[PDB]
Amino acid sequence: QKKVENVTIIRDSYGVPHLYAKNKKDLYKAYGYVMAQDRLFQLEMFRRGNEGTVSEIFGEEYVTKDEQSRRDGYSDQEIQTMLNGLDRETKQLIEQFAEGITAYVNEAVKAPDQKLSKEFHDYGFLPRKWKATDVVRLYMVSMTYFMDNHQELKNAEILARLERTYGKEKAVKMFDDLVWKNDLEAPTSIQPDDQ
């Protein structure tokens, strides 16, 4: 147990932090702080993934990846506009979370040999401070992966390649078996009467 500012942090025998705060503003700052204590290099690299700046650290192997991330991503100002559309309190809590990450960054650069993890030392760079927009970047880098695909383009290519070899009527039938409109026998999580 330790009181970081006015939040009590109990680390259990697996190292999991349990945070006891008097209000949400303090809670969410502590949440960002403990996550940075535990995972700062990972947080830094996930942010660089979304910003398209991985190649600054890992070189030309990541240039095309950085280009994709920038092509499909958002500017800081666009993200700030998103944050400004949230409920006041919610935006403020995301800001507190970023302030907690930044609090650990500030502590770590004062004692880098003890508090900056080995990857920063070995790759020869330092963590930067965080803003609320960077927290949104951490959400986008991972969640968007599960939503984003170009299968429509693959489907168009399948049909075109089948048509030019087999003709249109056969290609259409084959495609309908490959990518169906609706398989009425596919197992479902609910029944229509449950809706």
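One-based numbering along the sequence shown.
Higher mean CA temperature factor, per the PDB entry, when comparing 180-188 with 5-13: 5-13. 41-49 and 63-71 differ in mean CA B-factor, and the higher of the two is recorded for 63-71. For the set 154, 137, 161, 128, the maximum C-alpha B-factor listed in the entry falls on 128.
The PDB entry assigns residue 24 a C-alpha temperature factor belonging to the middle third of its chain's modelled residues. Sort the modelled residues of the chain by CA B factor and residue 101 lands in the lowest third. Residue 57: CA B factor lies in the highest third for its chain, per the PDB record. Sorting the modelled residues of the chain by their CA temperature factor places residue 95 in the middle third.
Looking at the C-alpha B-factors along this chain, the one for residue 150 belongs to the lowest third.
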